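One protein chain, two forms: both are listed below as structure tokens, the first as structure 1 and the second as structure 2.
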Structure 1
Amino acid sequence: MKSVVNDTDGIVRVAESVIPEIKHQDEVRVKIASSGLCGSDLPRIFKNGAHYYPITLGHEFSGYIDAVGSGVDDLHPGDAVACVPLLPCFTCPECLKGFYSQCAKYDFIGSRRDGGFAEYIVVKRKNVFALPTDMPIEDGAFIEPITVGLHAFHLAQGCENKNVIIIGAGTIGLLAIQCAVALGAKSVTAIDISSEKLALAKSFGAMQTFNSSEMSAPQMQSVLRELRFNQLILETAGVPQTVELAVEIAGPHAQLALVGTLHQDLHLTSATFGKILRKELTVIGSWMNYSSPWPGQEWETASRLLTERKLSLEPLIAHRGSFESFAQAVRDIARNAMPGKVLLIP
């Protein structure tokens, strides 16, 4: 079988290996149908940011059950699933509190173990999430990235009647816009360094967009004056400038959910830091996308919003291809901006 394997210093290869076998009663094998590249994968591929090399990435995927372990009674060959890539230990104090993303001993498909850029994969039963039978299987690869935004909304106690601001118009951000609209946000504003996805953002329901390469924070704050209360700002870009921006534009008692992980240091002036206090912001760290009961309401919500046609995935997709096509698309990224969702379609 084929897979995409990344090695040190940005080399991408398509490799051949044996189909993995089920080794435990609680495992299943998935024949992968659709598998997406995450923004978080770019540092793993090009910036020697993976836990090990060689590695096969991929934690945003769907497919059909090919086989099940003898202890699996609620799934059958042919069933459609999405991958739930985190595997908590389920027995430490954090896990028993439902703090799965704080498990000290968790596995992660496509980061801590090999993942879904492959024709087949073997995972635990608890690492798959059954899809509605009428859901196009390709759509299943988007459930995991949908739940990222949903998890942040959940930590913020919802987005209903809030003035939502999404910073970063990558896939996670664009999905978050769609979810905010569907979940009853009063308004949604989208902010990004480029202007391309911003028209797209408006098509997804953002009522306005700010190009941060063309507007300063005070200019944005001025436009936001009427919408300054009950803000929920999601920082999805994961760069110092956008974390700073979020604090600078925030209205009184805004909630600021941090979704994007930084790869450079954050220097805040005393002035900017002071605004966190003066505005009495609530800054909410968000990590992964799970809650109790496992894998969490985020996953059910994502599935439901999709089935209800409240989300639109097609415009998000920049590339569809099998292994060679996908590998070259990944290579073509180098480390510039992500064009859109690059899908591997085995």
Structure 2
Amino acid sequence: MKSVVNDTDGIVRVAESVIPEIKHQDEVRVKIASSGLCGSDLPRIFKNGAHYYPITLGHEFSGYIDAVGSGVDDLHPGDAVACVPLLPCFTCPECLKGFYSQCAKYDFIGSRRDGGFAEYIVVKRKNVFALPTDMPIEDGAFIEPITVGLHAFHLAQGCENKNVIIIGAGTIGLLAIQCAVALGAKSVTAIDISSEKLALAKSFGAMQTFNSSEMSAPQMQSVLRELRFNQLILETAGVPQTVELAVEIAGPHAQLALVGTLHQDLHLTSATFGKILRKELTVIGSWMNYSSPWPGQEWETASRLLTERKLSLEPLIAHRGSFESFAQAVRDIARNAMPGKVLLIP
């Protein structure tokens, strides 16, 4: 079987190895139909970090069950499934309350482990989610990134009838916009520094857009005045300025979902911190994309949205193709400012 696997930075192109076999009673073998390249998995791509180089990443994929272990009785060869990349222990106190993302002894396909840039992969039954037969199988690669946004909505007890504001017009943010619209948000606002990404956001249903390199927070809040109640704000950009921005624009009692991780420190003036208290904001930390019963309602919702064709994925796709046309992957538009998702389609 062919594959796409890397090591200490700078190398790739395509490899060739033996098909994995089921080695445990609760494993399945998946024949991969679609597997996508994410920004999380990125800067191990050459930004290093020990880890064992060895082996490669890839946690956003779908395909069909090829074989199941002697202990698997709820899945058969040919069943459509998507990857559920996290593997919690399922038995610790955090796991028993459905806090899978707070499990101390986690595991992760395409990170801790390895994931799916190959024709086949063997994983635990718990790491696959059965898909509707009516779901286009290649859109299964988007379920995991869709659930990132849905899990924030879930933590905020839903986006329905709320004035949703998405900060950051990356793939996750763009999917959140489409989901918010599909899920009955009163309104959807997108904020980003790129006018092209905002144009994309508007085509996805964001009724208005703010360019944060052109508008100040006061100007934004002024325009938001009609929509200042029942806000649900998603910070997806993961930069200090946009966390600060979210607090400054926020209406009375807004919910503020933090989905983006920071890599720089956050400096809040006394004034800005004071606004958290004065507006009585609720700031909600969001981590990964799971809830109980495992893997969570987010996965059902994403699945449902994708089968009933509520989402537009083509504009989020920078590339489709088989191994040869994906061994491609890496070229040199540099390592990022990514157009969009890059798909492997065996």
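In this text, rigid core is short for the largest set of C-alphas that superpose within 1.5 Å between two forms. Structure 1 provides the reference sequence; residues are numbered from 1 along it.
> Looking at both, which one would you say is the form described as "closed state" in its entry title?
Of the two, structure 1 is the form described as "closed state" in its entry title.
> Kindly specify the one residue in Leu234, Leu174, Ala118, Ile146 whose Cα moves by 2 Å or more between structures 1 and 2, with superposition done on the rigid core.
Looking at each option in turn, only one qualifies, and it is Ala118.
> Taking 2 Å as the cut-off, check whether the CA of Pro252 shifts that much or more between structures 1 and 2 after a rigid core fit.
After core superposition, the C-alpha of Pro252 moves less than 2 Å between structures 1 and 2.
> Would you say whether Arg13 is displaced between structures 1 and 2, judging by a C-alpha shift of 2 Å or more on the superposed rigid core?
Indeed, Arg13 is displaced by 2 Å or more.
> Honestly, after the rigid core fit, is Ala33 moving at least 2 Å at Cα between structures 1 and 2?
Yes; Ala33 is a residue whose C-alpha shifts (by 2 Å or more) between structures 1 and 2 when the cores are overlaid.
> What is the C-alpha shift for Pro136 between structures 1 and 2, rigid core superposed, to one decimal in Å?
With the cores aligned, its C-alpha sits 2.3 Å away.
> What is the Cα shift of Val72 between structures 1 and 2 once the core is superposed, in angstrom?
For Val72, the C-alpha ends up 1.4 Å from its position in the other form.
> Relative to the superposed core, report the C-alpha shift of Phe323 between structures 1 and 2 in angstrom.
Here the C-alpha difference is 4.9 Å.
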